[PDB]
file input.cif (mmCIF, C-alpha atoms)
data_input
#
loop_
_atom_site.label_atom_id
_atom_site.label_comp_id
_atom_site.auth_asym_id
_atom_site.auth_seq_id
_atom_site.Cartn_x
_atom_site.Cartn_y
_atom_site.Cartn_z
CA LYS A 1 21.46 16.93 -7.43
CA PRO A 2 22.24 14.58 -4.50
CA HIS A 3 24.76 11.74 -4.79
CA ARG A 4 23.36 8.22 -4.81
CA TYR A 5 24.90 5.22 -3.08
CA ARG A 6 24.91 2.07 -5.23
CA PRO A 7 26.05 -1.03 -3.26
CA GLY A 8 28.28 -3.48 -5.15
CA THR A 9 26.86 -6.57 -3.47
CA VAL A 10 23.13 -5.73 -3.70
CA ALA A 11 20.94 -4.15 -6.41
CA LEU A 12 18.95 -1.00 -5.53
CA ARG A 13 15.60 -2.56 -6.57
CA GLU A 14 16.00 -5.07 -3.74
CA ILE A 15 16.84 -2.22 -1.34
CA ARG A 16 13.67 -0.36 -2.45
CA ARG A 17 11.47 -3.36 -1.77
CA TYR A 18 12.96 -3.89 1.71
CA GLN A 19 12.48 -0.18 2.49
CA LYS A 20 8.81 -0.35 1.47
CA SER A 21 8.44 -3.35 3.78
CA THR A 22 9.57 -1.11 6.64
CA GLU A 23 6.96 1.44 5.54
CA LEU A 24 3.90 -0.82 6.08
CA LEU A 25 1.47 0.47 8.73
CA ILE A 26 -0.25 -2.69 10.00
CA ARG A 27 1.67 -4.68 12.62
CA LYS A 28 2.94 -7.72 10.82
CA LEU A 29 2.02 -10.24 13.52
CA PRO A 30 -1.71 -9.30 13.64
CA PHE A 31 -1.59 -9.32 9.84
CA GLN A 32 -0.29 -12.86 9.54
CA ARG A 33 -2.83 -13.84 12.21
CA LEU A 34 -5.61 -12.37 10.08
CA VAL A 35 -4.38 -14.37 7.09
CA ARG A 36 -4.40 -17.42 9.39
CA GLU A 37 -7.93 -16.60 10.55
CA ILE A 38 -9.10 -16.53 6.91
CA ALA A 39 -7.08 -19.57 5.80
CA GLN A 40 -8.43 -21.92 8.47
CA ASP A 41 -11.91 -21.41 6.97
CA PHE A 42 -10.67 -22.76 3.61
CA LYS A 43 -8.43 -25.73 4.38
CA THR A 44 -6.67 -26.80 7.56
CA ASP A 45 -3.72 -28.24 5.58
CA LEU A 46 -2.92 -24.94 3.80
CA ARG A 47 0.58 -23.43 3.94
CA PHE A 48 1.90 -20.06 2.71
CA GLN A 49 5.31 -18.99 1.42
CA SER A 50 6.48 -16.18 3.69
CA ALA A 51 6.80 -14.08 0.55
CA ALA A 52 3.12 -14.70 -0.19
CA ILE A 53 2.19 -13.14 3.14
CA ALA A 54 4.42 -10.18 2.22
CA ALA A 55 2.71 -9.78 -1.16
CA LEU A 56 -0.68 -9.94 0.54
CA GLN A 57 0.19 -7.26 3.08
CA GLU A 58 1.68 -4.81 0.59
CA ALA A 59 -1.29 -5.17 -1.76
CA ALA A 60 -3.85 -5.02 1.07
CA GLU A 61 -2.44 -1.80 2.50
CA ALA A 62 -2.39 -0.26 -0.97
CA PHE A 63 -6.07 -1.32 -1.42
CA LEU A 64 -7.21 0.34 1.83
CA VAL A 65 -5.16 3.47 1.25
CA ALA A 66 -6.67 3.94 -2.22
CA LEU A 67 -10.15 3.67 -0.69
CA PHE A 68 -9.23 6.62 1.49
CA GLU A 69 -7.56 8.52 -1.39
CA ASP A 70 -10.81 8.30 -3.38
CA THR A 71 -12.83 9.39 -0.37
CA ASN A 72 -10.47 12.32 0.24
CA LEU A 73 -10.55 13.47 -3.39
CA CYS A 74 -14.38 13.46 -3.35
CA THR A 75 -14.63 15.57 -0.18
CA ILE A 76 -14.74 19.32 -0.79
CA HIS A 77 -15.64 21.61 2.12
CA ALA A 78 -14.45 24.98 3.40
CA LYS A 79 -14.15 23.47 6.89
CA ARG A 80 -12.94 19.93 7.54
CA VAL A 81 -15.41 17.16 8.20
CA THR A 82 -15.10 13.71 9.76
CA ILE A 83 -15.13 10.88 7.22
CA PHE A 84 -17.99 8.41 7.64
CA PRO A 85 -18.91 5.10 5.92
CA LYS A 86 -21.34 6.77 3.53
CA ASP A 87 -18.52 9.04 2.33
CA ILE A 88 -16.41 5.97 1.55
CA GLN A 89 -19.30 4.36 -0.29
CA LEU A 90 -20.25 7.49 -2.26
CA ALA A 91 -16.64 8.12 -3.28
CA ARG A 92 -16.37 4.50 -4.38
CA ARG A 93 -19.43 4.85 -6.56
CA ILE A 94 -18.03 8.10 -8.02
CA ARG A 95 -14.36 7.37 -8.72
CA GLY A 96 -13.84 3.83 -7.34
CA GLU A 97 -14.18 0.22 -8.59
CA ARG A 98 -17.45 -1.44 -9.63
CA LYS B 1 -24.82 4.91 25.51
CA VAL B 2 -21.37 4.95 23.87
CA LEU B 3 -19.53 1.63 24.00
CA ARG B 4 -15.97 0.48 23.36
CA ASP B 5 -15.79 -2.62 21.16
CA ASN B 6 -13.17 -5.18 22.21
CA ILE B 7 -10.63 -6.03 19.49
CA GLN B 8 -7.87 -8.60 18.97
CA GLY B 9 -6.34 -7.32 15.76
CA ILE B 10 -5.55 -4.18 13.84
CA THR B 11 -5.46 -1.32 16.34
CA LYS B 12 -7.07 2.11 15.90
CA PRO B 13 -3.70 3.88 15.36
CA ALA B 14 -2.80 1.81 12.29
CA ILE B 15 -6.23 2.48 10.79
CA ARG B 16 -5.94 6.21 11.52
CA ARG B 17 -2.50 6.20 9.88
CA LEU B 18 -3.73 4.30 6.78
CA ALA B 19 -6.57 6.78 6.46
CA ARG B 20 -4.07 9.64 6.90
CA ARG B 21 -1.75 8.17 4.27
CA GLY B 22 -4.85 8.45 2.10
CA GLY B 23 -5.12 12.15 2.98
CA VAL B 24 -8.07 11.61 5.33
CA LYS B 25 -7.36 13.35 8.65
CA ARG B 26 -10.51 12.45 10.63
CA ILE B 27 -12.70 9.31 10.63
CA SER B 28 -15.92 8.12 12.29
CA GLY B 29 -16.32 5.36 14.88
CA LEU B 30 -17.76 2.88 12.38
CA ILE B 31 -14.71 3.49 10.13
CA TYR B 32 -12.40 1.32 12.25
CA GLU B 33 -14.59 -1.79 12.08
CA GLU B 34 -15.35 -1.04 8.43
CA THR B 35 -11.63 -0.94 7.68
CA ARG B 36 -11.15 -4.26 9.42
CA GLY B 37 -14.17 -5.72 7.57
CA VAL B 38 -13.12 -4.43 4.16
CA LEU B 39 -9.56 -5.65 4.79
CA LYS B 40 -10.83 -9.11 5.70
CA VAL B 41 -12.99 -9.28 2.57
CA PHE B 42 -10.21 -8.15 0.25
CA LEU B 43 -7.90 -10.75 1.74
CA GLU B 44 -10.57 -13.48 1.43
CA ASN B 45 -11.05 -12.53 -2.22
CA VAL B 46 -7.37 -12.74 -3.02
CA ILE B 47 -6.83 -15.95 -1.07
CA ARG B 48 -9.86 -17.63 -2.68
CA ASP B 49 -8.25 -17.00 -6.09
CA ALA B 50 -4.71 -17.89 -4.90
CA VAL B 51 -5.91 -21.22 -3.47
CA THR B 52 -7.83 -21.94 -6.71
CA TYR B 53 -4.41 -21.65 -8.43
CA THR B 54 -2.61 -23.66 -5.67
CA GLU B 55 -5.07 -26.54 -6.08
CA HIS B 56 -4.91 -26.35 -9.87
CA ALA B 57 -1.15 -26.99 -9.54
CA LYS B 58 -1.85 -29.85 -7.07
CA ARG B 59 0.12 -28.20 -4.22
CA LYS B 60 -0.69 -27.68 -0.52
CA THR B 61 1.40 -24.47 -0.37
CA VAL B 62 0.17 -21.07 -1.58
CA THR B 63 3.20 -19.42 -3.20
CA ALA B 64 3.97 -15.78 -3.94
CA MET B 65 3.25 -16.54 -7.57
CA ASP B 66 -0.23 -17.82 -6.68
CA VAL B 67 -0.83 -14.58 -4.84
CA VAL B 68 0.32 -12.52 -7.87
CA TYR B 69 -2.01 -14.36 -10.24
CA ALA B 70 -4.83 -13.77 -7.74
CA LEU B 71 -4.01 -10.11 -7.14
CA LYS B 72 -3.99 -9.36 -10.87
CA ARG B 73 -7.65 -10.38 -10.91
CA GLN B 74 -8.71 -8.07 -8.07
CA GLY B 75 -8.97 -4.95 -10.26
CA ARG B 76 -6.87 -1.78 -10.06
CA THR B 77 -4.58 -2.37 -7.05
CA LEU B 78 -1.93 -4.41 -8.92
CA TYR B 79 -2.97 -3.26 -12.39
CA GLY B 80 -0.04 -3.13 -14.85
CA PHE B 81 2.37 -5.25 -12.77
CA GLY B 82 4.71 -7.38 -14.90
CA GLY B 83 3.51 -5.58 -18.00
CA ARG C 1 35.77 9.25 1.27
CA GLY C 2 35.28 6.22 3.55
CA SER C 3 37.58 3.33 4.49
CA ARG C 4 37.61 0.95 1.53
CA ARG C 5 38.10 -2.05 3.81
CA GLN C 6 35.19 -1.19 6.10
CA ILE C 7 32.96 -0.47 3.11
CA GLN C 8 33.98 -3.90 1.79
CA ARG C 9 33.08 -5.73 5.03
CA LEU C 10 29.79 -3.85 5.45
CA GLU C 11 28.82 -4.71 1.87
CA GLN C 12 29.58 -8.38 2.49
CA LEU C 13 27.31 -8.20 5.57
CA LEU C 14 24.65 -6.57 3.42
CA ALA C 15 24.85 -9.51 0.99
CA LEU C 16 24.59 -11.93 3.91
CA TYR C 17 21.39 -10.22 5.10
CA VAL C 18 20.02 -10.52 1.57
CA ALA C 19 20.76 -14.26 1.32
CA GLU C 20 19.06 -14.86 4.65
CA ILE C 21 16.04 -12.76 3.68
CA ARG C 22 15.62 -14.82 0.48
CA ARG C 23 15.95 -18.04 2.49
CA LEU C 24 13.25 -16.82 4.87
CA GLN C 25 11.05 -15.59 2.01
CA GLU C 26 10.99 -19.15 0.65
CA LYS C 27 9.97 -20.75 3.99
CA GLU C 28 6.52 -22.33 3.95
CA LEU C 29 4.32 -21.45 6.93
CA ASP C 30 1.63 -23.79 8.22
CA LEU C 31 -1.34 -22.47 10.22
CA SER C 32 0.41 -22.79 13.58
CA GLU C 33 3.42 -20.87 12.26
CA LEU C 34 1.13 -18.02 11.16
CA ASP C 35 0.17 -17.81 14.85
CA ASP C 36 3.87 -17.49 15.70
CA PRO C 37 5.60 -14.20 16.74
CA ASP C 38 8.89 -15.83 15.63
CA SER C 39 7.61 -16.90 12.17
CA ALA C 40 9.83 -16.62 9.09
CA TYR C 41 7.66 -13.67 7.95
CA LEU C 42 8.46 -11.70 11.09
CA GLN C 43 12.10 -12.86 11.03
CA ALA C 44 12.36 -11.69 7.43
CA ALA C 45 10.70 -8.36 8.27
CA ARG C 46 13.08 -7.67 11.15
CA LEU C 47 16.02 -8.54 8.92
CA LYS C 48 14.82 -6.16 6.20
CA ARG C 49 14.81 -3.49 8.90
CA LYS C 50 18.37 -4.36 9.99
CA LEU C 51 19.47 -4.22 6.36
CA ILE C 52 17.92 -0.81 5.76
CA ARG C 53 19.71 0.54 8.84
CA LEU C 54 22.99 -0.87 7.54
CA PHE C 55 22.35 0.62 4.09
CA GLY C 56 21.79 3.99 5.76
CA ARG C 57 25.07 3.74 7.66
CA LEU C 58 26.80 2.90 4.35
CA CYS C 59 25.26 6.01 2.75
CA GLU C 60 26.78 7.90 5.68
CA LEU C 61 30.16 6.28 5.02
CA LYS C 62 29.99 7.08 1.29
CA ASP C 63 28.75 10.63 1.91
CA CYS C 64 25.81 9.90 -0.39
CA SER C 65 22.12 10.63 0.12
CA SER C 66 19.63 8.19 1.65
CA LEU C 67 17.66 7.97 -1.62
CA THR C 68 16.93 4.53 -3.15
CA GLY C 69 15.47 5.60 -6.52
CA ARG C 70 11.83 5.12 -5.49
CA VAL C 71 9.22 6.57 -7.87
CA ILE C 72 7.79 8.67 -5.01
CA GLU C 73 11.16 10.50 -4.96
CA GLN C 74 10.23 11.86 -8.43
CA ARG C 75 8.99 15.45 -8.29
CA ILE C 76 5.46 16.31 -9.47
CA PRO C 77 5.53 19.85 -10.95
CA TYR C 78 2.41 22.02 -10.78
CA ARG C 79 2.07 24.99 -13.19
CA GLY C 80 -1.76 24.94 -13.22
CA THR C 81 -2.77 28.46 -12.10
CA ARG C 82 -1.97 31.89 -13.55
CA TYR C 83 -0.09 32.81 -10.35
CA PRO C 84 3.42 31.33 -10.02
CA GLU C 85 3.43 32.09 -6.27
CA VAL C 86 0.43 29.81 -5.86
CA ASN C 87 1.90 27.23 -8.27
CA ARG C 88 5.24 26.93 -6.47
CA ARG C 89 3.37 26.67 -3.15
CA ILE C 90 1.22 23.76 -4.40
CA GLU C 91 4.23 21.99 -5.92
CA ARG C 92 5.98 22.40 -2.55
CA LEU C 93 2.97 20.90 -0.74
CA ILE C 94 2.79 17.83 -2.98
CA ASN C 95 6.52 17.05 -3.08
CA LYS C 96 7.16 16.62 0.66
CA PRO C 97 9.19 13.39 0.97
CA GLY C 98 7.78 10.15 2.33
CA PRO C 99 4.98 7.57 1.93
CA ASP C 100 2.50 9.85 3.72
CA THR C 101 2.43 12.91 1.48
CA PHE C 102 -1.18 13.26 0.34
CA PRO C 103 -2.83 16.65 1.06
CA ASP C 104 -6.58 17.03 1.60
CA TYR C 105 -8.70 19.80 0.02
CA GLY C 106 -8.22 21.93 3.13
CA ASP C 107 -4.45 21.66 2.76
CA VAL C 108 -4.59 22.79 -0.87
CA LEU C 109 -7.01 25.64 -0.11
CA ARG C 110 -4.85 26.73 2.83
CA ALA C 111 -1.78 26.73 0.61
CA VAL C 112 -3.61 28.83 -2.01
CA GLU C 113 -4.97 31.30 0.59
CA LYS C 114 -1.57 31.52 2.25
CA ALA C 115 0.21 32.17 -1.04
CA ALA C 116 -2.43 34.81 -1.87
CA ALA C 117 -2.49 36.62 1.51
CA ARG C 118 1.29 36.42 1.65
CA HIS C 119 1.88 37.93 -1.77
CA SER C 120 -1.07 40.35 -1.57
CA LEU C 121 -2.59 39.20 -4.85
CA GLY C 122 -6.03 40.53 -3.92
CA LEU C 123 -7.84 37.36 -4.94
CA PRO C 124 -11.44 37.18 -3.64
CA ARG C 125 -12.64 34.09 -1.80
CA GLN C 126 -14.49 32.30 -4.61
CA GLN C 127 -11.60 32.67 -7.06
CA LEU C 128 -9.39 31.14 -4.36
CA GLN C 129 -11.85 28.30 -3.77
CA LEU C 130 -12.12 27.52 -7.49
CA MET C 131 -8.32 27.61 -7.96
CA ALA C 132 -7.97 25.26 -4.97
CA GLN C 133 -10.56 22.81 -6.35
CA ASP C 134 -8.97 22.62 -9.81
CA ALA C 135 -5.51 22.25 -8.24
CA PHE C 136 -6.57 19.61 -5.71
CA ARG C 137 -8.02 17.59 -8.58
CA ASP C 138 -4.85 17.78 -10.73
CA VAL C 139 -2.49 16.97 -7.89
CA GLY C 140 -4.77 14.15 -6.74
CA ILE C 141 -4.48 12.37 -10.08
CA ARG C 142 -0.70 12.76 -10.13
CA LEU C 143 -0.16 11.62 -6.54
CA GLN C 144 -2.26 8.48 -7.13
CA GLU C 145 -0.28 7.81 -10.32
CA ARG C 146 3.07 8.12 -8.52
CA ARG C 147 1.97 5.75 -5.73
CA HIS C 148 0.64 3.22 -8.23
CA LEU C 149 3.92 3.19 -10.15
CA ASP C 150 5.94 3.04 -6.95
CA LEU C 151 3.92 -0.02 -5.95
CA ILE C 152 4.07 -1.97 -9.20
CA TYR C 153 7.74 -1.28 -9.91
CA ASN C 154 8.65 -2.21 -6.31
CA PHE C 155 6.46 -5.27 -5.73
CA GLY C 156 7.28 -8.76 -4.48
CA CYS C 157 10.64 -10.46 -4.59
CA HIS C 158 12.88 -12.81 -6.61
CA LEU C 159 10.14 -15.49 -6.59
CA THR C 160 7.83 -13.13 -8.48
CA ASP C 161 10.42 -11.32 -10.65
CA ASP C 162 9.91 -13.66 -13.61
CA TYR C 163 6.11 -13.17 -13.60
CA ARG C 164 4.49 -12.20 -16.88
CA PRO C 165 0.72 -12.06 -17.57
CA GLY C 166 0.97 -14.28 -20.65
CA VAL C 167 2.02 -17.22 -18.42
CA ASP C 168 -1.23 -17.25 -16.39
CA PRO C 169 -2.30 -20.96 -16.26
CA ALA C 170 -5.92 -19.79 -16.57
CA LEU C 171 -5.24 -18.85 -20.20
CA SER C 172 -4.79 -22.53 -21.16
CA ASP C 173 -7.34 -24.17 -18.78
CA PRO C 174 -11.04 -23.38 -19.33
CA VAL C 175 -12.09 -25.19 -16.13
CA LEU C 176 -9.70 -23.05 -14.08
CA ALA C 177 -10.81 -19.92 -15.93
CA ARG C 178 -14.49 -20.68 -15.24
CA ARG C 179 -13.83 -21.17 -11.52
CA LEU C 180 -11.87 -17.90 -11.32
CA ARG C 181 -14.76 -16.16 -13.13
CA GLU C 182 -17.27 -17.45 -10.57
CA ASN C 183 -14.87 -16.36 -7.77
CA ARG C 184 -14.74 -12.88 -9.28
CA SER C 185 -18.52 -12.51 -9.25
CA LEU C 186 -18.50 -13.50 -5.56
CA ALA C 187 -15.56 -11.17 -4.71
CA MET C 188 -17.37 -8.19 -6.23
CA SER C 189 -20.58 -8.94 -4.31
CA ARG C 190 -18.72 -9.46 -1.02
CA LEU C 191 -16.90 -6.14 -1.25
CA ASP C 192 -20.10 -4.30 -2.20
CA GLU C 193 -21.85 -6.02 0.69
CA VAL C 194 -19.31 -4.92 3.32
CA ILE C 195 -19.29 -1.31 2.05
CA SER C 196 -23.13 -1.33 2.02
CA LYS C 197 -23.25 -3.00 5.43
CA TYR C 198 -21.37 -0.19 7.12
CA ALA C 199 -23.38 2.50 5.34
CA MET C 200 -26.61 0.77 6.38
CA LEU C 201 -25.30 0.68 9.93
CA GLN C 202 -24.33 4.35 9.76
CA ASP C 203 -28.00 5.10 9.12
CA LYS C 204 -29.34 3.09 12.09
CA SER C 205 -27.25 5.24 14.47
#
call {"tool": "encode", "arguments": {"input": "input.cif", "output": "structure tokens"}}
result
Amino acid sequence: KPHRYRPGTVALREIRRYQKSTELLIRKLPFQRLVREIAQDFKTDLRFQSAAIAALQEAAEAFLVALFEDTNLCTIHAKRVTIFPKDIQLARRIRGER
Amino acid sequence: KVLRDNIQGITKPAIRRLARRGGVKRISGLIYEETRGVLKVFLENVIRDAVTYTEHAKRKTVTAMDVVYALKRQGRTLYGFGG
Amino acid sequence: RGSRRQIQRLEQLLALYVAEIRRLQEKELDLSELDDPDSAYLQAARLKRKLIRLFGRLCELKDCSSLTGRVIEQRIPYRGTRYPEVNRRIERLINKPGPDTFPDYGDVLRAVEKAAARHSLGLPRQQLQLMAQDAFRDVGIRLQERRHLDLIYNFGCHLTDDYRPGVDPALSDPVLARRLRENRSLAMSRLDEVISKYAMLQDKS
């Protein structure tokens, strides 16, 4: 079993969250710009804690990925196919949220 | 007859990688714009709740806590968080 | 063993990066700032990256692994078939490190066929296909579980660490609760509508 480094100045849970941040797949600038695009339709005086944008991105990426997980799990073929919208939709009706 | 849509936003490679992270190795043309659409809707849903909380507290700033309360109401994604 | 002094300085730096990340996490961004490449969100992100690099170099100095204790580091065993060759192969396939490890059915089937043809188990094609389907299902459930737990045990920051569901303002304010309920009906319709929209477009092509 490998040896684990445990910093004295910083807890590992913090480290884990920062790491995950580096694992996000959508460029952060276009993401915050998408949040801005949405927000200006609500109120022009709205502000966001930076950490709120972080929470939004992490949750959003998990939401999209799980859509594809469900689609994947519902797709059973001897030879690979290309995933289309109807596959997403069908999977969602089968194992997804209603 | 094929046409390339112009996009300022989430690029094809990120969407291909998100799909791949889901185990999906190949996706249609409509998938990219669907992923942008779906993303936008999810975010709208969350932010609509978050701002309902922000205004209930009489603040002009949406905080991380507002976003948590909103996310918990979006179904399975954050299910179980905090207990 | 690494230099105690240098470890000490590097750990102080690490703590400095943390303090600055928290500071940035608390910054409030107006709409113009969300249009800004230099926003506190992007500053914080870049700092998290710097910190992770430093953490890695400290692991190197401590001769420890690079592991942080993430849930996705936890191994998912698979004993599901009557052939241990196949089983170990599937377990192998689902425990590859990283955020991206999620096989498709073809991956599972290929692992099963490879284990079979390798070990000359003389399994016909339909037995292989059925084994692969059952296995893919099992491993699918466990992979989704591990990602879910990794998400909810790793979510947010200090500002959200005191969250508990029993504190939701909605619980004590029926007006707020009614608005949220309305919102929820809309949210559900909007998501269904976008899904349906792209299916309905897929047809017209």
call {"tool": "residues_around", "arguments": {"input": "input.cif", "residues": "residue 43 in chain A", "least_positions_apart": "3", "cutoff": "12 Å", "atoms": "all atoms listed in the file", "output": "ChimeraX atom specification"}}
result
/A:36-40,46-48 /B:47-48,51-52,54-55,60-62 /C:30-31
call {"tool": "resolve_selection", "arguments": {"input": "input.cif", "expression": "the PyMOL selection byres ((chain A) within 9 of (chain B))", "output": "NGL selection string"}}
result
:A and (25-27 or 30-31 or 33-35 or 38-39 or 42 or 45-57 or 59-73 or 80-85 or 97)
call {"tool": "interface_residues", "arguments": {"input": "input.cif", "of": "chain C", "to": "chain A", "cutoff": "7 Å", "atoms": "all atoms listed in the file", "output": "JSON, numbers by chain"}}
result
{"C": [11, 12, 15, 24, 25, 26, 27, 28, 29, 30, 31, 34, 35, 37, 40, 41, 42, 48, 49, 52, 59, 62, 64, 65, 67, 68, 70, 104, 105, 106, 140, 154, 155, 156, 195, 198, 199, 202]}
call {"tool": "atom_distance", "arguments": {"input": "input.cif", "atom1": "CA of residue 129 in chain C", "atom2": "CA of residue 98 in chain C"}}
result
27.4 Å
call {"tool": "atom_distance", "arguments": {"input": "input.cif", "atom1": "CA of residue 51 in chain C", "atom2": "CA of residue 150 in chain C"}}
result
20.3 Å
call {"tool": "interface_residues", "arguments": {"input": "input.cif", "of": "chain C", "to": "chain B", "cutoff": "6 Å", "atoms": "all atoms listed in the file", "output": "PyMOL selection string"}}
result
chain C and resi 100+102-104+152+160+164+187
call {"tool": "write_last_selection", "arguments": {"input": "input.cif", "atoms": "C-alpha atoms", "output": "short mmCIF file (atom, residue, chain, number, x, y, z; two decimals), in the frame of the given file"}}
result
data_model
loop_
_atom_site.label_atom_id
_atom_site.label_comp_id
_atom_site.auth_asym_id
_atom_site.auth_seq_id
_atom_site.Cartn_x
_atom_site.Cartn_y
_atom_site.Cartn_z
CA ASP C 100 2.50 9.85 3.72
CA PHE C 102 -1.18 13.26 0.34
CA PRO C 103 -2.83 16.65 1.06
CA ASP C 104 -6.58 17.03 1.60
CA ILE C 152 4.07 -1.97 -9.20
CA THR C 160 7.83 -13.13 -8.48
CA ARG C 164 4.49 -12.20 -16.88
CA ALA C 187 -15.56 -11.17 -4.71
#
call {"tool": "atom_distance", "arguments": {"input": "input.cif", "atom1": "CA of residue 3 in chain B", "atom2": "CA of residue 205 in chain C"}}
result
12.8 Å
call {"tool": "closest_residue", "arguments": {"input": "input.cif", "among": "C:4, C:33, C:21, C:72", "to": "residue 151 in chain C", "atoms": "all atoms listed in the file"}}
result
C:72
call {"tool": "resolve_selection", "arguments": {"input": "input.cif", "expression": "the PyMOL selection byres ((chain C and resi 115-125) around 10)", "output": "list in words"}}
result
residues 83, 84, 85, 86, 87, 88, 89, 90, 109, 110, 111, 112, 113, 114, 126, 127, 128, 129, 130 and 131 of chain C
call {"tool": "closest_residue", "arguments": {"input": "input.cif", "among": "C:176, C:201, C:76, C:44", "to": "residue 138 in chain C", "atoms": "all atoms listed in the file"}}
result
C:76
call {"tool": "closest_residue", "arguments": {"input": "input.cif", "among": "C:200, C:179, C:71, C:61", "to": "residue 144 in chain C", "atoms": "all atoms listed in the file"}}
result
C:71
call {"tool": "axis_aligned_box", "arguments": {"input": "input.cif", "around": "range 79-94 of chain A", "padding_each_side": "8 Å", "output": "AutoDock Vina command-line options"}}
result
--center_x -17.1 --center_y 13.9 --center_z 0.9 --size_x 24.4 --size_y 35.1 --size_z 33.8
